[PDB]
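To start, the structure itself, in structure tokens.
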Amino acid sequence: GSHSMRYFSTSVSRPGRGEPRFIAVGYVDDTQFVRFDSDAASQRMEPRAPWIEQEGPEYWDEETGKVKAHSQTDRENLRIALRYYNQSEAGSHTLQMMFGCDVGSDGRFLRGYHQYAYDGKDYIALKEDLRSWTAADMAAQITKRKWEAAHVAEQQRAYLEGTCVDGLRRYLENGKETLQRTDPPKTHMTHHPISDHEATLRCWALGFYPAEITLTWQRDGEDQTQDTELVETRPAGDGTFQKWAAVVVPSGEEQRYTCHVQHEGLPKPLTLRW
Amino acid sequence: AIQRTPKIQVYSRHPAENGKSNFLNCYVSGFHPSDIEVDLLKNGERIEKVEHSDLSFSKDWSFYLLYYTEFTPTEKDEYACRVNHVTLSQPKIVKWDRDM
Amino acid sequence: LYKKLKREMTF
């Protein structure tokens, strides 16, 4: 349907242990394709996807040039920030960055993203209009004011629309097998007593792609979100995904409950009943 | 320097069949900072050949790692996942249930 | 295809 490609960069200082550590990973949708690591011995962009291993070495070279360029950018980004906020070098601080782009079912551009976060909170980030910056605190205004005056927002918008998209366009051909497939969940219920007057009802979804999904419990058709347990969606590690939600019920009123699953690989959503 | 206690999930790849070669996944998410130690146990003793996925995060800037190893459970063998993190006064241990 | 900022912009 719609599609996405994002690049995620984590850098971390280790004050005693030398240089900061830089980790970056490619993703199309919920499929990962490449990775790069400051501490790896390869020092190249390595493929994480079978359909991306086919690219020429002049592809790999140029990509690993640009990621290496980012890495030192962020290492100096970490120095600037310790300076800006006046934290002591003894502390270990973290700088996360993401950028990428979204396309419609025909493949035209939809949205685009360029953003950084310092110590798990937002530092700077590009607005949806792609003409301005949102800057949380008085530090990021300085970087805003650097990047406004230096015309950064113009140059990234040209990347995001021109480049970011065209690659996602080829990747989705290249990976037609995996990338564009969609997998319905295999679903079922399990029943796990606790006391003699109570039982636990768990509704499962297994082996689905993409990972966006909605699990729902109800009684008599009325919605039960109150007493419901629901776990975070977990990668099955084969490339598919897994999730479950569960409720506690008075025994024996169980068939009075319905579990409702919605996923993009489902022509019509389902209903499970015990 | 905000802090986030990790969410730990331990599970088989495919629903278990005793004497069938599954994988064992321990999946941690939603945590901050990113330094995290994770082990996979058989009966309480750590497993050596363990690979992990590559460090990433979700839109809320919370990290997620997947630690995985191939295995073949028995009716006897107990398995579990040990995670230590800055947010945990001791390492927390999670025993793998065939129903979770 | 990764961001190439030409000449790179730090803070």
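Neighbour counts run over all protein chains shown; Cβ positions are idealised from the backbone, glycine included. Here, each number is a calculation from the coordinates, and none is a lab measurement.
In the set (1) within 14 Å of chain A (Cβ to nearest Cβ); (2) farther than 30 Å from A:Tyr116 by Cα, B:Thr74 fails one condition alone, (1). Could you tell me whether any residue of the range A:155-168 is within 8 Å of chain C (Cβ to nearest Cβ), buried (at least 18 other Cβ atoms within 10 Å of the Cβ) and within 16 Å of C:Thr10 (Cβ to Cβ)? Yes, that holds for at least one residue.
Counting only strands (runs of 3 or more DSSP E) that fall entirely inside the range A:43-144 and contain at least 2 residues that are within 19 Å of B:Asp54 (Cα to Cα), within 21 Å of the chain's Cα centre (by Cα) and more than 11 Å from chain C (Cβ to nearest Cβ), the qualifying elements are A:94-103.
Looking across the range A:224-257 at every residue that is over 28 Å from A:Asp29 (Cα atoms) and crowded, with 20+ Cβ neighbours inside 10 Å, the one that is farthest from the chain's Cα centre (by Cα) is identified as A:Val249. In summary, B:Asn43 fulfils each of the numbered conditions (1) of a type in the set (S, T, N, Q); (2) in contact with a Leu (Cβ under 7 Å, 6 or more places away or on another chain); (3) more than 9 Å from every other protein chain (Cβ to nearest Cβ) with the single exception of condition (2).
Within the range A:169-197, being surrounded by fewer than 18 Cβ atoms within 10 Å (Cβ to Cβ) and over 30 Å from A:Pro250 (Cα atoms) holds for A:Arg169, A:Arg170, A:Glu173, A:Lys176, A:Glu177, A:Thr178, A:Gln180, A:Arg181, A:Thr182, A:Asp183, A:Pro184.
Yes/no matrix, rows are residues, columns are (1) assigned to a loop (DSSP other than H, G, I, E, B); (2) among the charged types (D, E, K, R); (3) surrounded by fewer than 22 Cβ atoms within 10 Å (Cβ to Cβ); (4) in contact (Cβ under 8 Å) with a residue 60 or more places away in the chain:
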{"position": "A:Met5", "(1), (2), (3), (4)": "no, no, no, yes"}
{"position": "A:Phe8", "(1), (2), (3), (4)": "no, no, no, yes"}
{"position": "A:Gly16", "(1), (2), (3), (4)": "yes, no, yes, no"}
{"position": "A:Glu19", "(1), (2), (3), (4)": "yes, yes, yes, no"}
{"position": "A:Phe22", "(1), (2), (3), (4)": "no, no, no, no"}
{"position": "A:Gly26", "(1), (2), (3), (4)": "no, no, no, no"}
{"position": "A:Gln32", "(1), (2), (3), (4)": "no, no, yes, no"}
{"position": "A:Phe36", "(1), (2), (3), (4)": "no, no, no, no"}
{"position": "A:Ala40", "(1), (2), (3), (4)": "yes, no, yes, no"}
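Of all the criteria given as (1) without any contact (Cβ under 8 Å) to a residue 24 or more places away in the chain; (2) over 27 Å from A:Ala125 (Cβ atoms), the one not satisfied by A:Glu62 is (2).
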